[PDB]
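One chain follows as structure tokens, the form solved without ligand CP3.
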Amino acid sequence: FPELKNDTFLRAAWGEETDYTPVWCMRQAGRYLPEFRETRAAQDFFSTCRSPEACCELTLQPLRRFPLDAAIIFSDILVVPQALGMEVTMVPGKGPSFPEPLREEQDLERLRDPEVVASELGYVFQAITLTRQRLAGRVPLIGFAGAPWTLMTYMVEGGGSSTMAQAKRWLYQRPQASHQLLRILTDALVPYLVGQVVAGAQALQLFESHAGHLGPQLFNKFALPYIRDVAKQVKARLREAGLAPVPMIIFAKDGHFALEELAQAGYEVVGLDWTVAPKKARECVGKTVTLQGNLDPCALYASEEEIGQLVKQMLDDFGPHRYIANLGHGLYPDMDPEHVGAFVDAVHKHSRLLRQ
């Protein structure tokens, strides 16, 4: 692999001082880009995921528009449950869908042994290697996967939900089966994430998107242990393979209640949603971890000038140490690319000015 030229994102991730704050955006490869819609219209959702060249292209697109300090591989969190044997039908503009969700304990028999998942996800590894080569060391490449609890919500709910009532019903009524499902997911995720690093990912993000549906007690029993397991095991496996460990990010959307624990869970970086004040997030996490976030993505509907001001305030609150700028959630498909660029430019410009 080519020698990484700009490693600001990695340095910030490990806690080191940098000359400016690095920035990237969740869903930077997303429908808000016309060219994204265009190269997606040639296939269908999970078919695009299967073409290394197509995934590489989607990954690169935002980097041609904006001087982002990292690329994130284009994929979907749902590729893991799919690799586990669940059928997906992402259909006429409706998004994530399992037409046959898991509903009882017996449904667990449908799933592949987690030890074979990595071999099912070979196309992802190929896309990562290809992208790492094509980026030619411009900026680091992030790999990613959904956290076990979050993947479980999708597998049980069948898609998105406002309450996770079915998934939480499993936790309360089927605690043993739930732990089994969560361990299967963990055991699939670890080789998948190691594989992404072996293929060339330089950092990893674990996306616990459905954290906030759980209170502290449920989260500590059913989400946290597996989050800790993933980092511990990925790190162990990488060491033993003779490879360097990469910075790992845990993002728990709506996980204000778990920030303290999440700073102790084995991740270099804790990603935040926009509902936590940066100064309060810093109190919760301490001085030991890097923070990532947390601009309300809807803030990008504001004027370019307003975005600039909202960024200035955000950076003032986080301070220059142990910080990666990002949004608090993925970019929405109706957002203006010019406003995305305004956000990237304001982070770079203000963070330098703040250092002066």
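All residue numbers are counted from 1 along the displayed sequence.
Missing here is the form solved in complex with ligand CP3; even so, the following discussion is about that form.
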Contact label in the deposited complex: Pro101 to ligand CP3, heavy atom within 4.5 Å: no
How about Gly160: is it within 4.5 Å of ligand CP3 in the deposited complex, going by heavy atoms? yes
If we define contact as a non-hydrogen atom of the residue within 4.5 angstroms of the partner, is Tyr192 a contact of ligand CP3 in the deposited complex? no
In the deposited complex, is there a heavy atom of ligand CP3 that lies within 4.5 Å of any heavy atom of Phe144, even though the partner is absent here? yes
Quick check: do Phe9, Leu68 and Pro140 each get a heavy atom within 4.5 Å of ligand CP3 in the deposited complex? no
Within 4.5 Å of ligand CP3 in the deposited complex, heavy atoms considered, which of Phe74, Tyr226, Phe125, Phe219? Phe74
Residue within 4.5 Å of ligand CP3 in the deposited complex by heavy atom, from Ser209, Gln202, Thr131, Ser178, is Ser209
Candidate stretches 296 to 304, 316 to 324, 283 to 291, 27 to 35 - the one whose heavy atoms come within 4.5 Å of ligand CP3 in the deposited complex: 27 to 35
